[PDB]
Protein chains: 2
Amino acid sequence: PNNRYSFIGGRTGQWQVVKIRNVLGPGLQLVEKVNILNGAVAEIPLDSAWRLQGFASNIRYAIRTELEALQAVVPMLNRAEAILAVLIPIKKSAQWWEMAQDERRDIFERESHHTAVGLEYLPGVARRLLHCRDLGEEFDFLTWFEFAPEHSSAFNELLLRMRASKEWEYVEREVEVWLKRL
Amino acid sequence: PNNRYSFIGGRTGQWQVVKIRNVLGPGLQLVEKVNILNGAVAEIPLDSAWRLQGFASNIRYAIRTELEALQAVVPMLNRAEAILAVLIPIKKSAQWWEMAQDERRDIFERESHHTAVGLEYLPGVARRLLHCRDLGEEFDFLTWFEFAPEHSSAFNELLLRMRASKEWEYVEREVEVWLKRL
Ligand code: HEM
Ligand code: HEM
């Protein structure tokens with residue numbers, strides 16, 4: 001299997017763009033669809049507005065008991081019912097990346113309860129975390145969420161709780177690409 | 001700045017290959033020299049035998065007090081006297097990468113005291129850690145050490161201690177490329 005994923009905003013793809021919300025910092029040009037490829041894409045179709053990419057990686061913060069709680073409720077991607085998705089690219093500040101591992105873990109979970117909060121929205125919400133700072137990309141992470149319409153309200157609630165977190169004080173660019181499965 | 005480094009084994013470079021010691025698992029072909037480039041190289045050069053690459057990244061394990069101690073004593077790269085170097089590509093097992101963050105930190109420092117042991121030798125040894133599992137490379141890490149002859153015996157003692165640690169029970173491929181500055 002290949003750990004690289006590419007998200008190309010343009011006129012083709014498996015996902016229709018519903019809405020792009022430019023939450024913080026420079027946004028992303030509106031496009032019609034998102035095409036998702038499991039691999040690297042050196043050059044995009046010239047009818048494409050942007051390309052984002054990241055890799056699936058190892059665990060950086062979650063501890064064993066947290067992983068065991070997640071595994072108990074985590075849903076799979078590509079559920080038939082999960083016709084809504086959101087792609088949320090995120091960039092954190094240089095101050096964050098300069099911090100040591102204990103400092104970042106303390107903000108992520110002991111102060112912000114990132115995993116404990118997210119667990120409350122499983123199994124409704126399926127997700128994929130990709131990393132891209134080490135690729136030299138403009139964002140540091142591509143986060144992906146998908147779910148049935150019955151969980152839209154809960155997901156909006158989750159977003160409000162996260163954006164109010166200490167961890168968010170270090171986010172410096174964020175965009176939401178709302179999607180509907182074709 | 002560019003976070004990517006390539007190490008090309010072949011007939012050109014800043015470092016002469018003294019010997020290659022294929023410590024564990026498949027080795028690396030003997031070559032005359034190692035060429036180090038602060039950038040990606042798309043393909044292995046025609047007459048070169050291999051191309052290793054990795055990126056400099058954020059801290060994964062060290063805590064603030066450890067980083068303070070390290071940053072206070074580590075020497076700069078390219079000291080006049082640091083005419084010896086060793087490039088040690090390392091691969092860890094799938095069992096390692098499936099462990100959680102607390103499980104890996106506990107092996108890396110609580111059990112093995114990797115940083116505390118390294119610190120004993122670090123005043124005279126300049127180091128660079130690079131990551132490459134996430135690039136799809138055959139190794140997980142490229143580690144780089146350079147020092148004066150005066151520190152050769154001490155560096156071998158460090159290697160003796162590290163290969164006996166709990167951490168290295170998870171190393172599954174390792175090569176030593178011993179070098180001398182041209
Ligand atoms: C839906 C429930 C969620 C759960 C269960 C959850 C869980 C997790 C876990 C366990 C990690 C740590 C992975 C590791 O240790 O490497 C993580 C990372 C991350 N999550 Fe969430 N998450 C959820 C929702 C969200 C949302 C809604 C966002 C964005 C608004 C988000 C953004 C991120 C980011 C940016 C990271 C990377 C943090 C870093 O490495 O600095 N998560 N998530
Ligand atoms: C010379 C003194 C040394 C010091 C001060 C030292 C220090 C460190 C530190 C602080 C890290 C963790 C960086 C982080 O938190 O991400 C690290 C990682 C690593 N070091 Fe060393 N080290 C030394 C020698 C060595 C040697 C001789 C080897 C190889 C034989 C080695 C192989 C590694 C590897 C493979 C990693 C990555 C571990 C992982 O992420 O699983 N180190 N080192």
# chains A, B, ... in the order shown; residues from 1 in each chain; ligands from 1
call {"tool": "interface_residues", "arguments": {"of": "chain B", "to": "chain A", "cutoff": "8 Å", "atoms": "only C-alpha atoms", "output": "number ranges by chain"}}
result
B: 3, 55-64, 67, 97-103, 134, 136
call {"tool": "write_last_selection", "arguments": {"atoms": "N, CA and C atoms", "output": "mmCIF file, in the first residue's frame"}}
result
data_model
loop_
_atom_site.group_PDB
_atom_site.id
_atom_site.type_symbol
_atom_site.label_atom_id
_atom_site.label_comp_id
_atom_site.auth_asym_id
_atom_site.auth_seq_id
_atom_site.Cartn_x
_atom_site.Cartn_y
_atom_site.Cartn_z
ATOM 1 N N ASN B 3 14.651 21.012 3.898
ATOM 2 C CA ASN B 3 14.737 20.003 4.936
ATOM 3 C C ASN B 3 15.171 18.657 4.400
ATOM 4 N N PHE B 55 14.517 13.563 5.645
ATOM 5 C CA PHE B 55 14.234 14.967 5.965
ATOM 6 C C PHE B 55 14.465 15.230 7.445
ATOM 7 N N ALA B 56 14.909 16.448 7.749
ATOM 8 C CA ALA B 56 14.982 16.893 9.114
ATOM 9 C C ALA B 56 13.587 17.243 9.575
ATOM 10 N N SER B 57 13.269 16.930 10.805
ATOM 11 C CA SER B 57 11.862 17.016 11.267
ATOM 12 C C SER B 57 11.813 17.498 12.728
ATOM 13 N N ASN B 58 10.587 17.612 13.231
ATOM 14 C CA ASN B 58 10.401 17.999 14.589
ATOM 15 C C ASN B 58 10.720 16.861 15.558
ATOM 16 N N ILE B 59 10.933 17.261 16.821
ATOM 17 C CA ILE B 59 11.240 16.322 17.906
ATOM 18 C C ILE B 59 10.051 15.402 18.167
ATOM 19 N N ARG B 60 10.346 14.103 18.338
ATOM 20 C CA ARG B 60 9.316 13.074 18.561
ATOM 21 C C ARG B 60 9.270 12.504 19.970
ATOM 22 N N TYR B 61 10.322 12.670 20.770
ATOM 23 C CA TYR B 61 10.439 11.975 22.028
ATOM 24 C C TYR B 61 11.061 12.866 23.113
ATOM 25 N N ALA B 62 12.029 13.701 22.760
ATOM 26 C CA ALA B 62 12.806 14.415 23.784
ATOM 27 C C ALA B 62 11.915 15.422 24.489
ATOM 28 N N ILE B 63 12.101 15.557 25.802
ATOM 29 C CA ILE B 63 11.359 16.502 26.609
ATOM 30 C C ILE B 63 12.218 17.749 26.797
ATOM 31 N N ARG B 64 11.602 18.817 27.306
ATOM 32 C CA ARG B 64 12.242 20.108 27.278
ATOM 33 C C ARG B 64 13.566 20.097 28.007
ATOM 34 N N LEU B 67 16.195 18.439 25.769
ATOM 35 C CA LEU B 67 16.574 19.304 24.659
ATOM 36 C C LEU B 67 17.488 20.428 25.118
ATOM 37 N N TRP B 97 6.583 0.234 15.147
ATOM 38 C CA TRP B 97 5.756 1.313 14.604
ATOM 39 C C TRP B 97 4.282 1.175 14.975
ATOM 40 N N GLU B 98 3.842 -0.035 15.303
ATOM 41 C CA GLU B 98 2.455 -0.212 15.799
ATOM 42 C C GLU B 98 2.284 0.193 17.264
ATOM 43 N N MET B 99 3.369 0.365 18.018
ATOM 44 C CA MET B 99 3.212 0.788 19.401
ATOM 45 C C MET B 99 2.769 2.242 19.469
ATOM 46 N N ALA B 100 2.136 2.551 20.596
ATOM 47 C CA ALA B 100 1.652 3.885 20.913
ATOM 48 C C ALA B 100 2.798 4.792 21.340
ATOM 49 N N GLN B 101 2.479 6.086 21.478
ATOM 50 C CA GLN B 101 3.535 7.044 21.754
ATOM 51 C C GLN B 101 4.166 6.790 23.124
ATOM 52 N N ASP B 102 3.354 6.507 24.131
ATOM 53 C CA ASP B 102 3.898 6.263 25.470
ATOM 54 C C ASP B 102 4.749 4.999 25.489
ATOM 55 N N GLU B 103 4.326 3.975 24.761
ATOM 56 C CA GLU B 103 5.087 2.720 24.678
ATOM 57 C C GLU B 103 6.451 2.954 24.029
ATOM 58 N N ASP B 134 8.549 7.779 6.194
ATOM 59 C CA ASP B 134 7.396 8.430 5.575
ATOM 60 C C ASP B 134 7.614 8.787 4.132
ATOM 61 N N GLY B 136 8.791 6.447 2.105
ATOM 62 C CA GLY B 136 8.739 5.161 1.453
ATOM 63 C C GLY B 136 10.085 4.543 1.278
#
call {"tool": "residues_near_ligand", "arguments": {"ligand": "ligand 1", "cutoff": "8 Å", "atoms": "only C-alpha atoms and all ligand atoms", "output": "PyMOL selection string"}}
result
(chain A and resi 57-63+66-67+70+74+88-92+104+108+114-122+125-127+129+131+140-143+145+155+158-159+162-163) or (chain B and resi 100-101)
call {"tool": "atom_distance", "arguments": {"atom1": "CA of residue 40 in chain B", "atom2": "CA of residue 35 in chain A"}}
result
26.8 Å
call {"tool": "residues_around", "arguments": {"residues": "residue 77 in chain B", "least_positions_apart": "2", "cutoff": "9 Å", "atoms": "only C-alpha atoms", "output": "list in words"}}
result
residues 75, 79, 82, 126, 127, 128 and 146 of chain B
call {"tool": "write_last_selection", "arguments": {"atoms": "C-alpha atoms", "output": "PDB file, in the first residue's frame"}}
result
ATOM      1  CA  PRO B  75      29.005  20.810  18.455  1.00  0.00           C
ATOM      2  CA  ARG B  79      34.371  21.575  12.580  1.00  0.00           C
ATOM      3  CA  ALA B  82      35.940  16.541  12.506  1.00  0.00           C
ATOM      4  CA  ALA B 126      28.198  16.350  16.020  1.00  0.00           C
ATOM      5  CA  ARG B 127      25.020  14.575  14.945  1.00  0.00           C
ATOM      6  CA  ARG B 128      22.163  14.892  12.497  1.00  0.00           C
ATOM      7  CA  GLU B 146      31.222  13.292  12.818  1.00  0.00           C
TER       8      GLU B 146
END
call {"tool": "select_by_dssp", "arguments": {"residues": "chain B", "states": "alpha helix (DSSP H)", "output": "PyMOL selection string"}}
result
chain B and resi 64-73+94-98+101-105+114-121+152-163
call {"tool": "write_last_selection", "arguments": {"atoms": "N, CA and C atoms", "output": "short mmCIF file (atom, residue, chain, number, x, y, z; two decimals), in the first residue's frame"}}
result
data_model
loop_
_atom_site.label_atom_id
_atom_site.label_comp_id
_atom_site.auth_asym_id
_atom_site.auth_seq_id
_atom_site.Cartn_x
_atom_site.Cartn_y
_atom_site.Cartn_z
N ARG B 64 11.60 18.82 27.31
CA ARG B 64 12.24 20.11 27.28
C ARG B 64 13.57 20.10 28.01
N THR B 65 13.64 19.44 29.18
CA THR B 65 14.91 19.46 29.94
C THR B 65 16.02 18.72 29.19
N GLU B 66 15.65 17.65 28.46
CA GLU B 66 16.62 16.92 27.62
C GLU B 66 17.11 17.77 26.46
N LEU B 67 16.19 18.44 25.77
CA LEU B 67 16.57 19.30 24.66
C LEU B 67 17.49 20.43 25.12
N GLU B 68 17.21 21.00 26.29
CA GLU B 68 18.07 22.05 26.82
C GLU B 68 19.48 21.52 27.00
N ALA B 69 19.59 20.36 27.64
CA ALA B 69 20.91 19.77 27.88
C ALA B 69 21.64 19.46 26.59
N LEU B 70 20.94 18.88 25.63
CA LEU B 70 21.55 18.57 24.33
C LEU B 70 22.00 19.83 23.62
N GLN B 71 21.09 20.80 23.45
CA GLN B 71 21.42 21.99 22.66
C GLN B 71 22.57 22.79 23.25
N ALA B 72 22.83 22.65 24.56
CA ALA B 72 23.90 23.38 25.20
C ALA B 72 25.29 22.85 24.89
N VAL B 73 25.43 21.58 24.50
CA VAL B 73 26.75 20.98 24.35
C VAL B 73 27.01 20.45 22.96
N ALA B 94 8.08 -3.56 12.29
CA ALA B 94 6.65 -3.21 12.28
C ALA B 94 6.07 -3.23 13.68
N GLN B 95 6.56 -4.11 14.55
CA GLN B 95 6.08 -4.13 15.91
C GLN B 95 6.35 -2.78 16.59
N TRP B 96 7.51 -2.16 16.34
CA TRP B 96 7.82 -0.86 16.90
C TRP B 96 6.83 0.19 16.44
N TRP B 97 6.58 0.23 15.15
CA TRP B 97 5.76 1.31 14.60
C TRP B 97 4.28 1.18 14.98
N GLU B 98 3.84 -0.03 15.30
CA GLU B 98 2.45 -0.21 15.80
C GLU B 98 2.28 0.19 17.26
N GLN B 101 2.48 6.09 21.48
CA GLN B 101 3.54 7.04 21.75
C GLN B 101 4.17 6.79 23.12
N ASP B 102 3.35 6.51 24.13
CA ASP B 102 3.90 6.26 25.47
C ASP B 102 4.75 5.00 25.49
N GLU B 103 4.33 3.98 24.76
CA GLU B 103 5.09 2.72 24.68
C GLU B 103 6.45 2.95 24.03
N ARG B 104 6.48 3.71 22.94
CA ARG B 104 7.78 3.97 22.29
C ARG B 104 8.65 4.92 23.12
N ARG B 105 8.06 5.96 23.73
CA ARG B 105 8.88 6.84 24.56
C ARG B 105 9.47 6.08 25.73
N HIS B 114 18.33 6.64 25.82
CA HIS B 114 19.03 6.97 24.58
C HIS B 114 19.67 8.37 24.64
N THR B 115 18.90 9.37 25.02
CA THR B 115 19.42 10.73 25.10
C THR B 115 20.41 10.90 26.23
N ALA B 116 20.12 10.33 27.42
CA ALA B 116 21.01 10.50 28.54
C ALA B 116 22.35 9.84 28.25
N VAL B 117 22.35 8.67 27.60
CA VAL B 117 23.60 8.00 27.26
C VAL B 117 24.31 8.79 26.18
N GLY B 118 23.57 9.19 25.14
CA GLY B 118 24.22 9.96 24.07
C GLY B 118 24.89 11.22 24.58
N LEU B 119 24.26 11.89 25.55
CA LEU B 119 24.77 13.14 26.09
C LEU B 119 26.18 12.97 26.64
N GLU B 120 26.51 11.77 27.13
CA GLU B 120 27.84 11.55 27.70
C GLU B 120 28.94 11.72 26.65
N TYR B 121 28.62 11.46 25.38
CA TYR B 121 29.55 11.48 24.26
C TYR B 121 29.40 12.72 23.38
N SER B 152 37.30 8.50 18.34
CA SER B 152 36.92 7.24 17.70
C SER B 152 36.64 6.13 18.71
N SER B 153 37.54 5.92 19.66
CA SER B 153 37.34 4.88 20.67
C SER B 153 36.06 5.12 21.48
N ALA B 154 35.80 6.37 21.83
CA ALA B 154 34.63 6.71 22.63
C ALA B 154 33.37 6.47 21.82
N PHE B 155 33.43 6.78 20.53
CA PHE B 155 32.23 6.55 19.70
C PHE B 155 31.95 5.05 19.55
N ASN B 156 32.98 4.22 19.45
CA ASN B 156 32.74 2.80 19.40
C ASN B 156 32.12 2.27 20.69
N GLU B 157 32.49 2.86 21.81
CA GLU B 157 31.92 2.47 23.09
C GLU B 157 30.44 2.87 23.14
N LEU B 158 30.12 4.06 22.65
CA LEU B 158 28.72 4.45 22.52
C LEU B 158 27.96 3.41 21.72
N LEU B 159 28.49 3.01 20.56
CA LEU B 159 27.80 2.04 19.71
C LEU B 159 27.58 0.73 20.47
N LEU B 160 28.60 0.27 21.20
CA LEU B 160 28.47 -0.92 22.05
C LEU B 160 27.28 -0.80 23.01
N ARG B 161 27.16 0.33 23.69
CA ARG B 161 26.06 0.49 24.62
C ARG B 161 24.72 0.51 23.90
N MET B 162 24.62 1.25 22.80
CA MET B 162 23.32 1.38 22.11
C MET B 162 22.85 0.05 21.54
N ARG B 163 23.78 -0.73 20.96
CA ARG B 163 23.31 -1.98 20.35
C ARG B 163 22.85 -2.99 21.39
#
call {"tool": "residues_around", "arguments": {"residues": "range 47-52 of chain B", "least_positions_apart": "6", "cutoff": "9 Å", "atoms": "only C-alpha atoms", "output": "ChimeraX atom specification"}}
result
/B:5-12,28-31,41,89,132,137-139,142
call {"tool": "write_last_selection", "arguments": {"atoms": "C-alpha atoms", "output": "PDB file, in the first residue's frame"}}
result
ATOM      1  CA  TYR B   5      19.135  15.558   2.263  1.00  0.00           C
ATOM      2  CA  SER B   6      20.367  12.972  -0.174  1.00  0.00           C
ATOM      3  CA  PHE B   7      23.353  10.676   0.361  1.00  0.00           C
ATOM      4  CA  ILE B   8      24.607   9.213  -2.907  1.00  0.00           C
ATOM      5  CA  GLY B   9      27.084   6.361  -2.808  1.00  0.00           C
ATOM      6  CA  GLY B  10      29.360   6.411  -5.863  1.00  0.00           C
ATOM      7  CA  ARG B  11      32.513   7.932  -7.287  1.00  0.00           C
ATOM      8  CA  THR B  12      31.973  11.599  -6.285  1.00  0.00           C
ATOM      9  CA  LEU B  28      24.796  -1.449   1.064  1.00  0.00           C
ATOM     10  CA  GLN B  29      27.093  -1.917  -1.930  1.00  0.00           C
ATOM     11  CA  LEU B  30      30.622  -0.715  -1.392  1.00  0.00           C
ATOM     12  CA  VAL B  31      31.375   2.568  -3.163  1.00  0.00           C
ATOM     13  CA  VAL B  41      17.812  13.922  -6.321  1.00  0.00           C
ATOM     14  CA  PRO B  89      20.899   4.008   8.151  1.00  0.00           C
ATOM     15  CA  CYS B 132      12.677   8.602   5.865  1.00  0.00           C
ATOM     16  CA  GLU B 137      12.460   4.542   1.822  1.00  0.00           C
ATOM     17  CA  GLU B 138      13.962   1.181   2.627  1.00  0.00           C
ATOM     18  CA  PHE B 139      15.374   2.532   5.913  1.00  0.00           C
ATOM     19  CA  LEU B 142      19.537   8.225   8.412  1.00  0.00           C
TER      20      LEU B 142
END
call {"tool": "atom_distance", "arguments": {"atom1": "CA of residue 149 in chain B", "atom2": "CA of residue 123 in chain B"}}
result
14.0 Å
call {"tool": "atom_distance", "arguments": {"atom1": "CA of residue 16 in chain B", "atom2": "atom 27 (C, counted along the ligand's line) of ligand 2"}}
result
19.7 Å
call {"tool": "select_by_dssp", "arguments": {"residues": "range 3-161 of chain B", "states": "strand (DSSP E or B)", "output": "PyMOL selection string"}}
result
chain B and resi 4-10+15-24+33-37+50-55+84-92+126-131+141-147
call {"tool": "decode", "arguments": {"residues": "range 99-128 of chain A", "atoms": "N, CA, C and O atoms", "output": "mmCIF file, in the first residue's frame"}}
result
data_model
loop_
_atom_site.group_PDB
_atom_site.id
_atom_site.type_symbol
_atom_site.label_atom_id
_atom_site.label_comp_id
_atom_site.auth_asym_id
_atom_site.auth_seq_id
_atom_site.Cartn_x
_atom_site.Cartn_y
_atom_site.Cartn_z
ATOM 1 N N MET A 99 8.464 23.687 20.123
ATOM 2 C CA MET A 99 8.270 23.111 21.449
ATOM 3 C C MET A 99 8.712 21.642 21.457
ATOM 4 O O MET A 99 8.681 20.938 20.423
ATOM 5 N N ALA A 100 9.093 21.170 22.655
ATOM 6 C CA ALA A 100 9.517 19.794 22.873
ATOM 7 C C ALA A 100 8.306 18.869 22.937
ATOM 8 O O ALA A 100 7.177 19.309 22.974
ATOM 9 N N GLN A 101 8.568 17.550 23.039
ATOM 10 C CA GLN A 101 7.453 16.589 22.909
ATOM 11 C C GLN A 101 6.525 16.637 24.131
ATOM 12 O O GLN A 101 5.295 16.520 23.991
ATOM 13 N N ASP A 102 7.101 16.811 25.332
ATOM 14 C CA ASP A 102 6.242 16.890 26.518
ATOM 15 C C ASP A 102 5.387 18.139 26.488
ATOM 16 O O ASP A 102 4.189 18.075 26.821
ATOM 17 N N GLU A 103 5.935 19.261 26.031
ATOM 18 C CA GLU A 103 5.165 20.501 25.962
ATOM 19 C C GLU A 103 3.989 20.353 24.999
ATOM 20 O O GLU A 103 2.861 20.769 25.295
ATOM 21 N N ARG A 104 4.228 19.740 23.835
ATOM 22 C CA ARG A 104 3.150 19.582 22.859
ATOM 23 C C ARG A 104 2.114 18.565 23.313
ATOM 24 O O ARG A 104 0.919 18.808 23.172
ATOM 25 N N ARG A 105 2.546 17.434 23.892
ATOM 26 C CA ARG A 105 1.576 16.464 24.417
ATOM 27 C C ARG A 105 0.705 17.108 25.487
ATOM 28 O O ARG A 105 -0.500 16.859 25.553
ATOM 29 N N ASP A 106 1.296 17.936 26.339
ATOM 30 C CA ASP A 106 0.521 18.538 27.424
ATOM 31 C C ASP A 106 -0.556 19.462 26.879
ATOM 32 O O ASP A 106 -1.667 19.520 27.426
ATOM 33 N N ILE A 107 -0.250 20.206 25.817
ATOM 34 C CA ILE A 107 -1.258 21.074 25.217
ATOM 35 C C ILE A 107 -2.321 20.236 24.504
ATOM 36 O O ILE A 107 -3.505 20.482 24.656
ATOM 37 N N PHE A 108 -1.894 19.222 23.736
ATOM 38 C CA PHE A 108 -2.792 18.430 22.899
ATOM 39 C C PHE A 108 -3.820 17.700 23.743
ATOM 40 O O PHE A 108 -5.018 17.697 23.398
ATOM 41 N N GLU A 109 -3.384 17.008 24.794
ATOM 42 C CA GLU A 109 -4.333 16.201 25.565
ATOM 43 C C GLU A 109 -4.582 16.712 26.983
ATOM 44 O O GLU A 109 -5.753 16.910 27.370
ATOM 45 N N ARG A 110 -3.551 16.970 27.786
ATOM 46 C CA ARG A 110 -3.839 17.315 29.183
ATOM 47 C C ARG A 110 -4.627 18.615 29.262
ATOM 48 O O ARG A 110 -5.542 18.738 30.090
ATOM 49 N N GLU A 111 -4.325 19.579 28.387
ATOM 50 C CA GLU A 111 -5.061 20.847 28.412
ATOM 51 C C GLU A 111 -6.247 20.832 27.453
ATOM 52 O O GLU A 111 -7.352 21.249 27.822
ATOM 53 N N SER A 112 -6.055 20.319 26.239
ATOM 54 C CA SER A 112 -7.086 20.430 25.216
ATOM 55 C C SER A 112 -7.971 19.176 25.079
ATOM 56 O O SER A 112 -9.037 19.262 24.433
ATOM 57 N N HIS A 113 -7.567 18.045 25.683
ATOM 58 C CA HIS A 113 -8.381 16.839 25.668
ATOM 59 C C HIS A 113 -8.781 16.442 24.267
ATOM 60 O O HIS A 113 -9.895 15.971 24.018
ATOM 61 N N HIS A 114 -7.860 16.596 23.322
ATOM 62 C CA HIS A 114 -8.203 16.378 21.925
ATOM 63 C C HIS A 114 -8.832 15.017 21.682
ATOM 64 O O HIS A 114 -9.890 14.917 21.039
ATOM 65 N N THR A 115 -8.167 13.938 22.143
ATOM 66 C CA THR A 115 -8.676 12.588 21.894
ATOM 67 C C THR A 115 -9.933 12.313 22.701
ATOM 68 O O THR A 115 -10.888 11.744 22.171
ATOM 69 N N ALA A 116 -9.978 12.715 23.971
ATOM 70 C CA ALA A 116 -11.143 12.482 24.807
ATOM 71 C C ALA A 116 -12.363 13.168 24.228
ATOM 72 O O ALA A 116 -13.472 12.612 24.265
ATOM 73 N N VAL A 117 -12.192 14.378 23.687
ATOM 74 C CA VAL A 117 -13.334 15.056 23.049
ATOM 75 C C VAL A 117 -13.721 14.347 21.754
ATOM 76 O O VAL A 117 -14.906 14.104 21.488
ATOM 77 N N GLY A 118 -12.729 14.064 20.891
ATOM 78 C CA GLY A 118 -13.054 13.415 19.640
ATOM 79 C C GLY A 118 -13.750 12.081 19.813
ATOM 80 O O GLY A 118 -14.619 11.718 19.009
ATOM 81 N N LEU A 119 -13.359 11.305 20.839
ATOM 82 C CA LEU A 119 -14.006 10.014 21.076
ATOM 83 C C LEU A 119 -15.503 10.136 21.216
ATOM 84 O O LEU A 119 -16.225 9.193 20.879
ATOM 85 N N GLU A 120 -15.980 11.281 21.715
ATOM 86 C CA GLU A 120 -17.426 11.424 21.929
ATOM 87 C C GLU A 120 -18.212 11.416 20.635
ATOM 88 O O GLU A 120 -19.444 11.271 20.698
ATOM 89 N N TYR A 121 -17.572 11.627 19.491
ATOM 90 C CA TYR A 121 -18.228 11.737 18.190
ATOM 91 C C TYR A 121 -18.054 10.492 17.336
ATOM 92 O O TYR A 121 -18.410 10.490 16.152
ATOM 93 N N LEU A 122 -17.527 9.421 17.911
ATOM 94 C CA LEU A 122 -17.425 8.115 17.309
ATOM 95 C C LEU A 122 -18.510 7.221 17.859
ATOM 96 O O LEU A 122 -18.837 7.306 19.048
ATOM 97 N N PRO A 123 -19.108 6.314 17.046
ATOM 98 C CA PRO A 123 -18.656 5.944 15.695
ATOM 99 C C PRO A 123 -19.234 6.782 14.554
ATOM 100 O O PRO A 123 -18.987 6.483 13.389
ATOM 101 N N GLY A 124 -19.957 7.844 14.855
ATOM 102 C CA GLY A 124 -20.610 8.600 13.787
ATOM 103 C C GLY A 124 -19.626 9.149 12.776
ATOM 104 O O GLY A 124 -19.851 9.092 11.570
ATOM 105 N N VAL A 125 -18.495 9.656 13.252
ATOM 106 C CA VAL A 125 -17.543 10.401 12.425
ATOM 107 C C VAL A 125 -16.317 9.529 12.132
ATOM 108 O O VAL A 125 -15.649 9.049 13.062
ATOM 109 N N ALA A 126 -16.068 9.269 10.847
ATOM 110 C CA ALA A 126 -14.822 8.591 10.440
ATOM 111 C C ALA A 126 -13.840 9.613 9.941
ATOM 112 O O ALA A 126 -14.209 10.705 9.481
ATOM 113 N N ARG A 127 -12.528 9.281 10.066
ATOM 114 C CA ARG A 127 -11.508 10.280 9.853
ATOM 115 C C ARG A 127 -10.226 9.676 9.285
ATOM 116 O O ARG A 127 -9.965 8.484 9.423
ATOM 117 N N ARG A 128 -9.453 10.545 8.665
ATOM 118 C CA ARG A 128 -8.078 10.180 8.278
ATOM 119 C C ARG A 128 -7.174 11.372 8.509
ATOM 120 O O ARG A 128 -7.464 12.473 8.039
#
